[PDB]
Amino acid sequence: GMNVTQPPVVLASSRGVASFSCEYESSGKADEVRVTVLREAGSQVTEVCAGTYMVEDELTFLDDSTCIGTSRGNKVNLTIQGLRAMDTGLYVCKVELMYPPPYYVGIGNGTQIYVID
Ligand SMILES: *[C@@H]1O[C@H](CO)[C@@H](O[C@@H]2O[C@H](CO)[C@@H](O[C@@H]3O[C@H](CO)[C@@H](O)[C@H](O[C@H]4O[C@H](CO)[C@@H](O)[C@H](O)[C@@H]4O)[C@@H]3O)[C@H](O)[C@H]2NC(C)=O)[C@H](O)[C@H]1NC(C)=O
């Protein structure tokens, strides 16, 4: 089907940088993949950042002001920077196989990110 795995807990650095991996297992023949980071507090859901990458590549597919994502095959590293204590929360990796059809979607269990000031 579509298992998305990410580490349950991570600690931001003193500079406000937190890194976690997100990995997927699937029967789909992934080529184009959309990875979305969702911050979740119960039913409160907010999109943090998102990027598209090509499975056969190996690159830095995401680099907005806040997230940096690198990808290799079915694994990605995600890094969120500029974190402060109030940004503490559950960050859920969502993965979509976007092309070719058929479409697949999976959601991870979430990485709880703790930030000390
Ligand atoms: C997510 O982040 C982690 C942590 O930074 C990152 O892990 C790093 O991956 C690189 C590349 O796979 C690792 O370096 C390789 O592994 C060993 C180190 O002992 C070497 O044998 C390898 O050398 C070969 O490959 C090189 C090309 O990359 C050649 O230049 C070389 O001549 C050899 O042929 C290579 O150096 C590195 O060890 C890890 N770092 C850690 C701390 O684990 C991971 O890749 C990131 N994942 C994604 C999807 O971005």
# chains A, B, ... in the order shown; residues from 1 in each chain; ligands from 1
call {"tool": "residues_near_ligand", "arguments": {"ligand": "ligand 1", "cutoff": "12 Å", "atoms": "only C-alpha atoms and all ligand atoms", "output": "VMD selection string"}}
result
chain A and resid 18 to 24 53 to 62 68 to 79
call {"tool": "write_last_selection", "arguments": {"atoms": "N, CA, C and O atoms", "output": "mmCIF file, in the first residue's frame"}}
result
data_model
loop_
_atom_site.group_PDB
_atom_site.id
_atom_site.type_symbol
_atom_site.label_atom_id
_atom_site.label_comp_id
_atom_site.auth_asym_id
_atom_site.auth_seq_id
_atom_site.Cartn_x
_atom_site.Cartn_y
_atom_site.Cartn_z
ATOM 1 N N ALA A 18 16.030 21.610 13.219
ATOM 2 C CA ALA A 18 15.605 20.247 13.500
ATOM 3 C C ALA A 18 15.607 19.444 12.208
ATOM 4 O O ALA A 18 15.158 19.929 11.186
ATOM 5 N N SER A 19 16.103 18.215 12.260
ATOM 6 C CA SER A 19 16.205 17.396 11.063
ATOM 7 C C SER A 19 15.574 16.057 11.334
ATOM 8 O O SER A 19 15.805 15.471 12.388
ATOM 9 N N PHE A 20 14.787 15.565 10.381
ATOM 10 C CA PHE A 20 14.250 14.214 10.475
ATOM 11 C C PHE A 20 14.142 13.591 9.090
ATOM 12 O O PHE A 20 14.056 14.302 8.105
ATOM 13 N N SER A 21 14.181 12.267 9.012
ATOM 14 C CA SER A 21 14.004 11.611 7.733
ATOM 15 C C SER A 21 12.543 11.254 7.562
ATOM 16 O O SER A 21 11.769 11.207 8.517
ATOM 17 N N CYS A 22 12.169 11.014 6.322
ATOM 18 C CA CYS A 22 10.847 10.530 6.014
ATOM 19 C C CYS A 22 11.034 9.549 4.881
ATOM 20 O O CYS A 22 11.682 9.873 3.888
ATOM 21 N N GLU A 23 10.481 8.348 5.035
ATOM 22 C CA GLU A 23 10.753 7.256 4.111
ATOM 23 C C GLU A 23 9.428 6.576 3.776
ATOM 24 O O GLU A 23 8.550 6.509 4.628
ATOM 25 N N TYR A 24 9.255 6.092 2.546
ATOM 26 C CA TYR A 24 8.003 5.411 2.207
ATOM 27 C C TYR A 24 8.202 4.042 1.562
ATOM 28 O O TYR A 24 9.173 3.820 0.848
ATOM 29 N N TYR A 53 9.921 15.976 -6.107
ATOM 30 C CA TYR A 53 11.192 15.435 -6.574
ATOM 31 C C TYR A 53 11.010 14.217 -7.449
ATOM 32 O O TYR A 53 9.964 13.575 -7.435
ATOM 33 N N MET A 54 12.057 13.915 -8.198
ATOM 34 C CA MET A 54 12.101 12.770 -9.084
ATOM 35 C C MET A 54 12.896 11.657 -8.419
ATOM 36 O O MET A 54 14.034 11.860 -7.994
ATOM 37 N N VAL A 55 12.267 10.493 -8.323
ATOM 38 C CA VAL A 55 12.806 9.324 -7.638
ATOM 39 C C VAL A 55 14.208 8.902 -8.100
ATOM 40 O O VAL A 55 15.046 8.528 -7.284
ATOM 41 N N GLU A 56 14.458 8.970 -9.402
ATOM 42 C CA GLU A 56 15.731 8.510 -9.960
ATOM 43 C C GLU A 56 16.853 9.526 -9.777
ATOM 44 O O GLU A 56 18.006 9.266 -10.114
ATOM 45 N N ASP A 57 16.510 10.690 -9.246
ATOM 46 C CA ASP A 57 17.512 11.700 -8.989
ATOM 47 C C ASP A 57 18.085 11.553 -7.597
ATOM 48 O O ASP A 57 17.730 10.652 -6.837
ATOM 49 N N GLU A 58 18.977 12.476 -7.287
ATOM 50 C CA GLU A 58 19.571 12.600 -5.984
ATOM 51 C C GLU A 58 19.837 14.085 -5.889
ATOM 52 O O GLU A 58 20.816 14.572 -6.445
ATOM 53 N N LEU A 59 18.955 14.824 -5.229
ATOM 54 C CA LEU A 59 19.140 16.272 -5.167
ATOM 55 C C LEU A 59 18.498 16.996 -3.977
ATOM 56 O O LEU A 59 17.838 16.393 -3.136
ATOM 57 N N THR A 60 18.736 18.301 -3.922
ATOM 58 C CA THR A 60 18.156 19.171 -2.928
ATOM 59 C C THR A 60 16.894 19.736 -3.545
ATOM 60 O O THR A 60 16.936 20.754 -4.235
ATOM 61 N N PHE A 61 15.773 19.052 -3.308
ATOM 62 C CA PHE A 61 14.535 19.357 -4.004
ATOM 63 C C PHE A 61 13.746 20.445 -3.301
ATOM 64 O O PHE A 61 12.820 21.012 -3.891
ATOM 65 N N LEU A 62 14.081 20.718 -2.041
ATOM 66 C CA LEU A 62 13.336 21.735 -1.293
ATOM 67 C C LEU A 62 14.267 22.700 -0.580
ATOM 68 O O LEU A 62 15.158 22.285 0.140
ATOM 69 N N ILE A 68 14.465 22.637 4.233
ATOM 70 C CA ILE A 68 15.426 22.131 3.274
ATOM 71 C C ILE A 68 15.180 20.641 3.164
ATOM 72 O O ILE A 68 15.160 19.937 4.166
ATOM 73 N N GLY A 69 14.971 20.166 1.948
ATOM 74 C CA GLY A 69 14.718 18.768 1.714
ATOM 75 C C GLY A 69 15.659 18.237 0.657
ATOM 76 O O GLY A 69 15.846 18.855 -0.413
ATOM 77 N N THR A 70 16.254 17.089 0.973
ATOM 78 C CA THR A 70 17.051 16.346 0.010
ATOM 79 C C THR A 70 16.432 14.968 -0.177
ATOM 80 O O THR A 70 15.796 14.424 0.732
ATOM 81 N N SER A 71 16.613 14.406 -1.363
ATOM 82 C CA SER A 71 15.915 13.188 -1.723
ATOM 83 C C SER A 71 16.834 12.171 -2.392
ATOM 84 O O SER A 71 17.723 12.533 -3.171
ATOM 85 N N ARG A 72 16.619 10.898 -2.076
ATOM 86 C CA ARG A 72 17.261 9.805 -2.797
ATOM 87 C C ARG A 72 16.324 8.603 -2.823
ATOM 88 O O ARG A 72 16.057 7.975 -1.787
ATOM 89 N N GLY A 73 15.809 8.303 -4.010
ATOM 90 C CA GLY A 73 14.877 7.207 -4.169
ATOM 91 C C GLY A 73 13.661 7.441 -3.299
ATOM 92 O O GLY A 73 12.955 8.441 -3.452
ATOM 93 N N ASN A 74 13.441 6.541 -2.350
ATOM 94 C CA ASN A 74 12.247 6.595 -1.518
ATOM 95 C C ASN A 74 12.510 7.224 -0.160
ATOM 96 O O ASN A 74 11.657 7.168 0.728
ATOM 97 N N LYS A 75 13.686 7.817 0.007
ATOM 98 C CA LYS A 75 14.026 8.447 1.275
ATOM 99 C C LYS A 75 14.222 9.945 1.096
ATOM 100 O O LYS A 75 14.766 10.382 0.082
ATOM 101 N N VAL A 76 13.758 10.733 2.066
ATOM 102 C CA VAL A 76 14.083 12.154 2.092
ATOM 103 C C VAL A 76 14.575 12.596 3.464
ATOM 104 O O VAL A 76 14.169 12.053 4.492
ATOM 105 N N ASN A 77 15.468 13.577 3.467
ATOM 106 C CA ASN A 77 15.797 14.295 4.681
ATOM 107 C C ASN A 77 15.067 15.609 4.634
ATOM 108 O O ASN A 77 15.071 16.313 3.606
ATOM 109 N N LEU A 78 14.448 15.933 5.755
ATOM 110 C CA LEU A 78 13.803 17.215 5.930
ATOM 111 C C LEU A 78 14.478 17.932 7.086
ATOM 112 O O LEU A 78 14.853 17.313 8.091
ATOM 113 N N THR A 79 14.670 19.233 6.909
ATOM 114 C CA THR A 79 15.300 20.081 7.907
ATOM 115 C C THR A 79 14.450 21.341 8.010
ATOM 116 O O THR A 79 14.106 21.952 6.999
#
call {"tool": "closest_atom_pairs", "arguments": {"of": "stretch 30-50 of chain A", "to": "stretch 83-88 of chain A", "cutoff": "12 Å", "atoms": "only C-alpha atoms", "output": "CSV"}}
result
residue,atom,partner,partner_atom,distance
A:39,CA,A:87,CA,9.3
A:40,CA,A:88,CA,10.6
A:41,CA,A:88,CA,10.4
A:48,CA,A:87,CA,10.9
call {"tool": "closest_residue", "arguments": {"among": "A:30, A:35, A:109, A:82", "to": "residue A:47", "atoms": "only C-alpha atoms"}}
result
A:35
call {"tool": "closest_residue", "arguments": {"among": "A:90, A:80, A:4, A:67", "to": "residue A:45", "atoms": "only C-alpha atoms"}}
result
A:90
call {"tool": "residues_around", "arguments": {"residues": "residue A:105", "least_positions_apart": "6", "cutoff": "7 Å", "atoms": "only C-alpha atoms", "output": "compact mmCIF listing (two decimals) with N, CA, C and O atoms, in the first residue's frame"}}
result
# COMPACT_ATOMS: atom_id res chain seq x y z
N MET A 2 0.99 1.88 1.17
CA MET A 2 1.83 3.07 1.33
C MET A 2 2.15 3.35 2.80
O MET A 2 1.40 4.06 3.47
N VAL A 95 3.22 11.92 1.93
CA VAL A 95 3.82 11.59 0.65
C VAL A 95 2.77 11.21 -0.41
O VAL A 95 1.88 10.41 -0.15
N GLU A 96 2.86 11.82 -1.58
CA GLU A 96 1.97 11.52 -2.69
C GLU A 96 2.78 11.10 -3.91
O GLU A 96 3.72 11.79 -4.30
N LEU A 97 2.43 9.96 -4.50
CA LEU A 97 2.99 9.55 -5.78
C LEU A 97 2.16 10.20 -6.87
O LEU A 97 1.02 9.82 -7.11
call {"tool": "atom_distance", "arguments": {"atom1": "atom CA of residue A:101", "atom2": "atom CA of residue A:50"}}
result
20.3 Å
call {"tool": "select_by_dssp", "arguments": {"residues": "chain A", "states": "strand (DSSP E or B)", "output": "ChimeraX atom specification"}}
result
/A:2-5,9-11,18-26,32-41,44-54,58-63,67-72,75-80,89-99,104-107,111-114
call {"tool": "closest_residue", "arguments": {"among": "A:37, A:26, A:89, A:94", "to": "residue A:108", "atoms": "only C-alpha atoms"}}
result
A:94
call {"tool": "closest_residue", "arguments": {"among": "A:12, A:93, A:17, A:33", "to": "residue A:46", "atoms": "only C-alpha atoms"}}
result
A:93
call {"tool": "decode", "arguments": {"residues": "stretch 7-36 of chain A", "atoms": "C-alpha atoms", "output": "PDB file, in the first residue's frame"}}
result
ATOM      1  CA  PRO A   7      11.206   9.259  13.738  1.00  0.00           C
ATOM      2  CA  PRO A   8       8.824   9.929  16.660  1.00  0.00           C
ATOM      3  CA  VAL A   9      10.956  12.546  18.456  1.00  0.00           C
ATOM      4  CA  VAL A  10      13.595  15.075  17.452  1.00  0.00           C
ATOM      5  CA  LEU A  11      15.293  17.933  19.299  1.00  0.00           C
ATOM      6  CA  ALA A  12      16.054  21.206  17.549  1.00  0.00           C
ATOM      7  CA  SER A  13      19.556  22.578  18.063  1.00  0.00           C
ATOM      8  CA  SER A  14      20.324  25.714  20.093  1.00  0.00           C
ATOM      9  CA  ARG A  15      20.249  27.564  16.761  1.00  0.00           C
ATOM     10  CA  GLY A  16      16.701  26.334  16.016  1.00  0.00           C
ATOM     11  CA  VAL A  17      17.406  23.587  13.459  1.00  0.00           C
ATOM     12  CA  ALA A  18      15.605  20.247  13.500  1.00  0.00           C
ATOM     13  CA  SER A  19      16.205  17.396  11.063  1.00  0.00           C
ATOM     14  CA  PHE A  20      14.250  14.214  10.475  1.00  0.00           C
ATOM     15  CA  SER A  21      14.004  11.611   7.733  1.00  0.00           C
ATOM     16  CA  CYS A  22      10.847  10.530   6.014  1.00  0.00           C
ATOM     17  CA  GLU A  23      10.753   7.256   4.111  1.00  0.00           C
ATOM     18  CA  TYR A  24       8.003   5.411   2.207  1.00  0.00           C
ATOM     19  CA  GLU A  25       7.231   1.824   1.169  1.00  0.00           C
ATOM     20  CA  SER A  26       4.737   1.239  -1.608  1.00  0.00           C
ATOM     21  CA  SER A  27       3.644  -1.010  -4.449  1.00  0.00           C
ATOM     22  CA  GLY A  28       3.430   2.022  -6.714  1.00  0.00           C
ATOM     23  CA  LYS A  29       5.989   2.734  -9.424  1.00  0.00           C
ATOM     24  CA  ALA A  30       6.947   6.155  -8.125  1.00  0.00           C
ATOM     25  CA  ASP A  31       8.524   8.588 -10.540  1.00  0.00           C
ATOM     26  CA  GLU A  32       7.314  12.010  -9.418  1.00  0.00           C
ATOM     27  CA  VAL A  33       6.770  12.424  -5.665  1.00  0.00           C
ATOM     28  CA  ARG A  34       5.230  15.309  -3.684  1.00  0.00           C
ATOM     29  CA  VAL A  35       6.360  15.534  -0.046  1.00  0.00           C
ATOM     30  CA  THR A  36       4.382  17.825   2.271  1.00  0.00           C
TER      31      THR A  36
END
